[PDB]
Amino acid sequence: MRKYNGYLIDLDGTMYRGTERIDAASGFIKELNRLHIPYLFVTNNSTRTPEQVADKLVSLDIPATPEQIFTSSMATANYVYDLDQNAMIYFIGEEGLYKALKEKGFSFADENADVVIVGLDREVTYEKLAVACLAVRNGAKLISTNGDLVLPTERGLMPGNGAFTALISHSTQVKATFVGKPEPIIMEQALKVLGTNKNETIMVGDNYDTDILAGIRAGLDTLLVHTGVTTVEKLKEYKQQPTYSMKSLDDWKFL
Amino acid sequence: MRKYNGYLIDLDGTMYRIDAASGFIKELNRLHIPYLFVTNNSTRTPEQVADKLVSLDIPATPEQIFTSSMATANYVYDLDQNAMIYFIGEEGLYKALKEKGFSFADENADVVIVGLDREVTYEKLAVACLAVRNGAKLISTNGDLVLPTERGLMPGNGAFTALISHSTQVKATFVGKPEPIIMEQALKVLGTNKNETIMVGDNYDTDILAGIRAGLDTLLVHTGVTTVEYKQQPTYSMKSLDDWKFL
């Protein structure tokens, strides 16, 4: 009887910025739970495990289990696995991406890898990057968990995953396939895990350029919150608009 | 009397991958025509490059080597003699910058110089990006995307420059070939006029284009990158340095 029986909730943007937004998210998510509506959180983040993210949400009174956290690194692992579970993987990345690949039981290799996966590695080295280039020139498919050129830290704007992918792409003259938002691949992979139908699922977020655009491209209806008169006007000039725009999660009716 | 009285000569693929190169250079010495080797190489000192040439029976003194490191050090000196420098690179670049009198800094640098560092790290790249976002000028020794080795086609300095430029949204100023910066300097060092100077090389995309944009005649010998199989032709194209007639 509901139009939407599955929710993909963005973890990024400014969705949980400040106590008011945190409380609104708590209210919204608790309501989904009370209604027994399945939901999954989606993020491009590669520096926290599903367990850490869930522990964090729970501490903010937003109910989540590790199984409800879905990252671009997980989407990337799962996407590659469905295409060739016997591919030998070379990856650049940290514990999150390693774990997602481990979950899929991959074999790993260096210069003769079948697939090269580029994730953010804050201890990357020339040699790690060289092996990626060599494997790509040996015919490996080139996959990038996301395209972000910058990683915000307290030091300032550090090089992001996308910058490293650009290095490899430029050196090898091979284009990467990108998985994370704003690409639709992460959202199709999230839909797989959530288990609901595309036309009965909605993606909720508050960033258009990176986050909600992914849902639009993946063929999902979208709710963009934290909008205002000017941003709504701005979106009307773009090729694609979110399905709905509202000020607050508080305004959403469960249909 | 001769049309060309000065020679700028590429190393990588022209002088070595070859004893046609040796004969060519010695004939230059016998005809007493000055020459300068010009290389995008940012890792080696001129002493090391010259020694390698000697060991191959190619007459070269360190003073006849002009690298992208030396050119970059000169170029930065022209912009600001007192620049605080953050650099990524190896011995060659470090030495060139130090010899020029520069002091070094990190995130607070005035100028960020990107040269090849085969032991570069995330942190080294991050410092570069932070300095650039802080307002540092972004300079690169060379734009080569690949470094050919026995393992295969390794990432070259242009690939690392691209990472930094993409992350920071700041375009780099490139010094080495095919940019005219290294050429105009080399020309000053060689000391001959443009119309009597010829650039000799094997790669169209670096060597020949460098000559064209510097307004120099060019000689493309097919002993390296570019095959016989572009919008501007080199002045001359031949299969071997043995075919050159010393015009």
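Note on naming: letters A, B, ... go to the chains in the order of the sequence lines (proteins, then strands), and numbering restarts at 1 for each one.
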Counting only heavy atoms not in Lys100(B) (residues, nucleotides, ligands), do more than 12 fall under 6.0 Å from its NZ? yes

Proximal component of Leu151(A), with respect to chain B [non-hydrogen, under 4.5 Å]: side chain

Just jot down the side-chain hydrogen bond (donor to acceptor under 3.5 Å, both in side chains) partners of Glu127(A), sequence neighbours excluded, or say none. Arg151(B)

Under 4.5 Å, heavy atom to heavy atom, which residues of residues 42-53 of chain B contact chain A? none

Region of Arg133(B) that comes under 4.5 Å of a non-hydrogen atom in chain A: side chain

Shortest non-hydrogen contact from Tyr122(B) toward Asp121(A): CD1-O, 3.5 Å

Take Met158(A) and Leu130(B) through the test side-chain contact (heavy atoms from CB on, under 4.5 Å) and record every step on the way to the result. CA-CA 7 Å; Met158(A) 319 281 274; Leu130(B) 292 180; 4.0 Å; yes

If you count heavy-atom pairs under 4.5 Å between each of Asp148(A), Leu149(A), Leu129(A) and chain B, which one has the most? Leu149(A)

Contacting moiety of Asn134(B), where chain A heavy atoms sit under 4.5 Å: neither

Please look at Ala130(A) and chain B and tell me whether the side chain, the backbone, both or neither of the residue comes under 4.5 angstrom of a heavy atom of that chain. both

Under 4.5 Å, counting heavy-atom pairs only, tell me which of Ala132(A), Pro159(A), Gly160(A), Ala166(A) racks up the most with chain B. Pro159(A)

Applying a heavy-atom distance below 4.5 Å, give me the residues of residues 224-238 of chain B that approach chain A, sorted by number. none

With chain B as the partner, which of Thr153(A), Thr165(A), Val150(A) has the greatest number of non-hydrogen pairs under 4.5 Å? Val150(A)

Just verifying a value: how many Å separate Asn161(A) CG and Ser167(B) OG, rounded to the nearest 0.5 Å? 11.5 Å

Whether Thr121(B) side chain and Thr125(A) backbone form a donor-acceptor pair below 3.5 Å: no

Among residues 77-102 of chain A, residues within the sub-4.5 Å heavy-atom range of chain B, in order of number, are none

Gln169(B) vs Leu157(A) side-chain heavy atoms within contact, under 4.5 Å: no

Roughly how far apart are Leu163(B) CG and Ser169(A) OG, rounded to 0.5 Å? 12.5 Å

